[PDB]
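> PDB entry and its sequence, pasted below:
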Amino acid sequence: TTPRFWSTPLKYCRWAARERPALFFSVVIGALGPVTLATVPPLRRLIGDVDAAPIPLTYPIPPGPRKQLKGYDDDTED
Amino acid sequence: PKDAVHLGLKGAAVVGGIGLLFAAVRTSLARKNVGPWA
Amino acid sequence: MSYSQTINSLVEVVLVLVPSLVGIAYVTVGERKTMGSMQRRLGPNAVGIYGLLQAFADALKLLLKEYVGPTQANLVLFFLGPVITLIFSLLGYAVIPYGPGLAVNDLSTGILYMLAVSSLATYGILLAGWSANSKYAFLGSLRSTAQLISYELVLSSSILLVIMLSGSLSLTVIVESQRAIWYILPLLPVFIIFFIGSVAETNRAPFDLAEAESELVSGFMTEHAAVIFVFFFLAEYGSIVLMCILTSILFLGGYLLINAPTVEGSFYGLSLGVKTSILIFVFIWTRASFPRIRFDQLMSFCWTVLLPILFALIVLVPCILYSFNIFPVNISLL
Amino acid sequence: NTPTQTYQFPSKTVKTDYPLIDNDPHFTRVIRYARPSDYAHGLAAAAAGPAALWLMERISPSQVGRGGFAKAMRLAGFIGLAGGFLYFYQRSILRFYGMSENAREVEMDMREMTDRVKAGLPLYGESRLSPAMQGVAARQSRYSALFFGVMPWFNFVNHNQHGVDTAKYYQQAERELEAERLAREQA
Amino acid sequence: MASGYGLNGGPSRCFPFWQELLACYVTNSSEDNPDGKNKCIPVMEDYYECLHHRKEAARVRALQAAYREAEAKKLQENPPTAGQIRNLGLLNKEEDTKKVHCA
Amino acid sequence: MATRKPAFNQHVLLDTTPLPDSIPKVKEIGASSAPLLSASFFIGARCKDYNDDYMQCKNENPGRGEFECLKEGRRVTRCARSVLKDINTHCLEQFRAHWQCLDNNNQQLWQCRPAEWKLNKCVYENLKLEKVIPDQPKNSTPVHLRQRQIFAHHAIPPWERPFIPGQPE
Amino acid sequence: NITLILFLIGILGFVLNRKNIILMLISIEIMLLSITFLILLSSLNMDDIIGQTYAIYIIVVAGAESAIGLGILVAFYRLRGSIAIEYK
Amino acid sequence: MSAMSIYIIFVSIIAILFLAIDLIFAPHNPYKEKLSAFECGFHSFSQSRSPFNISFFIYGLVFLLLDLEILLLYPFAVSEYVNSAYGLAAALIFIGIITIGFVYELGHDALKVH
Amino acid sequence: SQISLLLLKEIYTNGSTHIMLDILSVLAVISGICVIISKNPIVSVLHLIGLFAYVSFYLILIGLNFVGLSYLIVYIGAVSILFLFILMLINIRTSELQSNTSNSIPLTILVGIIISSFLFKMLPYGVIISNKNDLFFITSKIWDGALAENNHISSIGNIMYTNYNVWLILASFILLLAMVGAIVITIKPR
């Protein structure tokens, strides 16, 4: 009565949807994530959606040598 | 020149201390209750 | 600060506990009056005007009613279980935000805190039922254990999907996050599943198996009487209200709106209470609409229908979040 | 221009018989630098599994019911295919590691990179990941094909931590740019 | 300690002490000179000191008993009240701040 | 003392010993948390080089930069007292309105944007100091220059405009 | 100090147990509690998030061990009919 | 004193105040048949302290492991901004291995009491 | 003259009292003993959940809120199931009748002293602290390390799925073997 998946994969998918919906649609929902992961980011960049830059979670220490500043020295107090 | 008598007690205490351990273990494996002071 | 710290915490606890205990009294009255209206009845309308003193006639009657200590019962456990259930059911109201940070404890791990106090209160039901040494109390206590195996993963897995959007575990931050949108819109299946699991969490119909009266006589609380019985009802209805507050916190924007601070605080409290009262209605509506499920049928439903769907969402939801660059910052902000 | 520094991270030196190209080569490079023997050996290795289970069936029948052998071939087919690809991947990456003869890979690497350096493109690409997450990824996958039999792992991050000094690439590109300018003068 | 990942999402307190010890070992020890790793003895003691605080607890202990016995012997004239310590550094409590400093 | 957050603290220890005459003296910053957050973008608009120089000094003396960068620290304090005085000689009503608003709003910038816009314009026309946040997305309008705040408990009046320097009203 | 006291309770509750095999599986739980609790207090004193991670992985294997133990007890009880350790 | 500690104090004293009132102001007349076990009117064999068959013990064994698994996902939900793609992948591998064990529970019909 | 070192009481923002840790310590030890000496198996599993509770409250009070709440969450369900198995595999009435001899006391004293004395120096100064001039821990504040303080659960999440992902894969395979094995040995035949 129940279809065999390898005998006929398209028939099995119809039976699983109708007769075992909670289990069948769990696999569809769970599989939709990897499909989202593989397809949305390319389309997002195609349409110009740009992933934002990370927010700083540590003081951003600049690179290169120090800038040899002259200002706000001790003699400027008073 | 070593104190044989002073050493002898230490050797008895160490080896005999192990004896209390196997004595206490043999006491705990006794099927009939006989009391802690056995 | 301005005045004493102990006096502040004293008044802050009273402003939560006492009004919540008044609320527990009237959810019982409202249930009886609302089930009656759907049954073409009235409900309590004689003990007090419109029956507004009926919860206190019930409460005062039992604290003046004789208690029985069964001879076959484990007496110290017969009293300890209801006390555990009552104390830990009431402990959940200490993290409820009635406004941004307006809680007795604005904990950063408030959601996990609630999962820990709800699980303890369930263990009191198990202990009290087994301690009677009566057979219906014994059969009911086993049902409570089966029910927790059924609904604890359901709730915790459902909650984890809310945390994947809020990024906090703090109850105030999850409400603050819903200023964007209420979580019942993007998480519509999770709201249904969480609500279903909350009815099962509460031992409420159609999942009233531990205390079923058509199958058991009173289930776990059959041998229990007087104030020990008062504890199990206070635990049940405070647990109902608390689960309706939490469902409103997690999916309905909590306190968000649909002398100067008092107007703002009142409106926050009204908004949360209005949304909580709607969900309290849906509990009573669900009790008057459905039959009881079998306990094996509930275990099968939670384990082969609800849990497979939830784990699929646990995979799916962060995959959508990363795809759209929508992972929430996990720093303190809102 | 010259990055003024070509070894920025501390790497592990392994005693091997051939030049090290990349201690963590990207997935695409392993497939692109694969020799056609690697597809011959990995296809033979994938076929070995189900063919072993077929031969065991012919000489010593399992006496299984009507649909069992077909089920078992589907598992033997996948496991062979899974181990065949892991074998195909290991053959190409050992050459990147200097643990197999790599003259051809050494010369295509020294051209592809000096092509990226004369073009100003980053040697190993741009990551969407943070520079610390790039490091955790380099640390997780470097020399990870040597554990393929137990736990597998592939590099899918465009990090810049590959265990080699990048000075050779910049040296060749500038000399190639030096030769290009002189040739362009006679025009 | 030695991991580099502390309780607040920042790095561990004894991570600089550990990175210095490993740096010392790799930059001094070798098979040619086995005894180059004796340079690491003070560096390895600092890492344990950062971790368990036995040497600093011994220093404060000796200093605290020495300090207290001098306080009892010291001449006492007037002790500042708790409220006076609270007043130090405030907007309009110049009198109390001066009393705290014996000035 | 340790950077660990205390769990059983019941006492505070104070030292009345002053820093020795050798180390030059810097008068400390007197602003509170609300005024300092309201003027933080102005700090960095003027004091960035010194703020960045003191941090690169400490990174150049690992484990010892507390003692060995005392002059760079004295310089950052002076740079920061300069903007505070400047924000006080001018734009003092606007400055007060902003940080007094911030204290009643959990110190959340998005909850006081109209007072920020008014102050930012007054700081710009008397100090040439602009609020700049690095790496904000170019696809969308900067969040601090947005008319509608989604997390603001009170909606921003339609008649309150964000301050963008240069373009007139 | 409490970590040592708890470890000794679990070690004797496992060795000097004359009640049932479920209590022996509880004593293993107590020992893992004490070992985990020592790692947690040390982590706090050394500012190490790894020892909290280590403690978390002890909890997950501690529950996995208690599932295999309870599963093996059910197998044993099904045939023996008593899980009571017995001394003549 | 903190509100949390005071809250625990009150809920305990409410549990005492109700309990004390009943223990003082209610009648107490315990006698033989009042103190007996309910069994709907007829005394029966006392069997509640003898080994009883739980037909859903395989569900308790699985609940313990899955409780451990969803606990190992809560750190991820509060650390997504830092974890990003690289951390999401490992969290997906972790969920994927756990789901296969659940598929074993469903296929073998362990959770299907009859 | 000049004191210069001033002790003061913290009016607000002060922490808990460390008296409460010694209370939880005795109760945890008290409840730990009652788990093994109790005649009734249910009474000893109740002392077991209590024992996990004082340890969790000990962890919460020293700022280990996640692992403290997570310990409690995991074990309340674990003790409930362990309760569930005592009612299926143990005759409660015959176990209460079952007793215990006093012949184990000599071994208890010997084993207790030897292990505890030997296992004491195996523990570091940080733990043996607070075992008439005592020491006081001093803490101050930092601004660079406080820019975006994470909660402990977030700090573990920062590394649990990247830096230490191998521990997660191995842990997930212990759980898988437990899920498959516990069912295989107890499943009803079909």
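Nice, thanks for sending it over. Numbers count the residues shown, from 1 in each chain, chains lettered A, B, ... in the order given.

> around residue 20, how many other residues sit close by?
Went with chain A since none was named. Using other C-beta atoms under 10 Å in any protein chain shown, residue A:20 has 14 other residues around it. No exception for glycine: its C-beta is placed from N, CA and C like everyone else's.

> could you do chain F instead?
6.

> go on, residue C:300?
Residue C:300 has 17 nearby residues by other C-beta under 10 Å.

> tell me who's in contact with the closest residue to residue H:95 other than its chain neighbours.
Among residues not flanking residue H:95 along the chain, residue C:315 sits closest, at 5.8 Å (C-beta to C-beta, 6 or more residues apart in numbering or on different chains). Applying C-beta atoms under 8 Å, 6 or more residues apart in numbering or on different chains, we find residue C:315 in contact with A:29-30, A:33, H:92, H:95-96, H:99.

> select only the buried ones of those residues in ChimeraX?
Command for ChimeraX that selects the buried part of the contacts of residue C:315, burial taken from 16 or more other C-beta atoms under 10 Å in any protein chain shown:
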select /A:29,30,33 /H:92,95,99
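
> looking at the contacts of residue C:315, which is nearest residue I:71?
In terms of C-beta to C-beta, no member of the contacts of residue C:315 lies closer to residue I:71 than residue H:95, at 23.1 Å.

> right, and the closest one touches residue H:73 too?
Yes: with contacts counted by C-beta atoms under 8 Å, residue H:95 reaches residue H:73, the gap being 7.3 Å.

> give me the common contacts of those two.
residue C:314.

> pretty sure residue C:327 contacts residue C:320?
No: in this structure residue C:327 lies outside contact range of residue C:320 using C-beta under 8 Å: 10.5 Å.

> looking at these two, which is more packed in?
It is residue C:327, of residue C:327 and residue C:320, that has more neighbours when counted by other C-beta under 10 Å, with 21 against 16.

> just to revisit the earlier point, A helix includes the residue nearest to residue H:95, no?
Yes: Residue C:315: assigned to a helix according to DSSP: H, G, I helix; E, B strand; the rest coil.

> how close does it sit to chain G?
20 Å (C-beta to the nearest C-beta, to the nearest Å).

> which of the contacts of residue C:315 fall in helices?
A:29-30, A:33, H:92, H:95-96, H:99 (DSSP state H).

> and which of those is nearest to chain E?
When those are ranked by distance to chain E (C-beta to the nearest C-beta), residue H:92 comes first, at 22.7 Å.

> on the three-state scheme, residue E:92 is what?
At residue E:92 the chain is in coil, as set by three-state DSSP.

> tell me how many other residues surround it.
6.

> with the one 4 residues further on instead?
Applying the criterion other C-beta under 10 Å, we find 17 residues in the vicinity of residue E:96.

> repeat for residue G:58
Based on other C-beta under 10 Å, the number of other residues close to residue G:58 is 16.

> need phi/psi at the spatially closest residue to it that is not a sequence neighbour.
Nearest non-adjacent residue to residue G:58, counting by C-beta to C-beta, 6+ apart: residue G:36, 4.9 Å away. Note on residue G:36: its backbone torsions stand at phi -60, psi -40 [degrees, to the nearest 10].

> gap between stretch F:153-169 and the chain center?
22 Å (C-alpha atoms, centre = their mean, to the nearest Å).

> for stretch D:47-56, same thing?
28 Å.

> name the residues that touch it?
D:62, D:72-73, D:76-77, D:79-81, D:83-84.

> ok but residue G:44 is inside a helix, no?
Yes: the assignment for residue G:44 is a helix, going by three-state DSSP.

> ok, now which ones touch the residue lying closest to it once chain neighbours are set aside?
Counting by C-beta to C-beta, 6+ apart, residue G:44 lies nearest to residue I:62, which is 6.4 Å off, once chain neighbours are set aside. By C-beta under 8 Å, 6+ apart, the residues touching residue I:62 are F:7, G:41, G:44, I:21.

> likewise residue E:24?
E:39-40, E:43.

> tell me the helix or strand right after the helix or strand hosting residue F:99.
If you go by DSSP states H and E, residue F:99 is part of helix F:92-103. Sequence order places helix F:113-127 as the next helix or strand after helix F:92-103, per DSSP H and E.

> give the contact list for residue C:179.
C:253, C:256, C:334, F:150-151.

> who in chain G is up against chain H?
Proximity of chain G to chain H, by C-beta under 8 Å from any C-beta of the partner chain, involves residues G:56, G:59-60, G:63-64, G:66-67, G:70-71, G:74.

> the same query, at a cut-off of 10 Å, please.
Within chain G, the positions near chain H by C-beta under 10 Å from any C-beta of the partner chain are G:53, G:56-57, G:59-64, G:66-68, G:70-71, G:74, G:77, G:81-83.
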